[PDB]
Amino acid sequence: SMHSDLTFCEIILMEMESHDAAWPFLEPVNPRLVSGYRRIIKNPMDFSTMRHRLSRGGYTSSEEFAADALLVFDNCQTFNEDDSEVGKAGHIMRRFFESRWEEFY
């Protein structure tokens, strides 16, 4: 299970999930709602997958956790136009994440 040294990552992820701009990223991009996603995006990532991976010990380091957070935002900017609702949400969430991360790094 999660090592206590990563509790700060657990908190950041919780805070991300609570943000209104997080709605596109809470669960895996859902083929019932979004077509052609995995055709383009080879490494999907979302906050629920991160939350479960973190809790079960699937992140050894904060670097691995942050890499998955950045994958959420990188995938979003690959798939979505910057002026789309989901594209804008991704940029909000990247800034929110980086601002919390930079309190530690």
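Just count from 1 along the sequence shown to find any residue number.
- Between 74 to 82 and 61 to 69, the higher mean Cα B-factor belongs to 74 to 82.
- Mean CA B-factor, 2 to 10 versus 96 to 104: the higher value falls on 96 to 104.
- The maximum CA B-factor among the listed residues 45, 54, 40, 34, taken from the PDB record, is found at 40.
- For residue 22, the recorded CA temperature factor ranks within the middle third of the chain's modelled residues.
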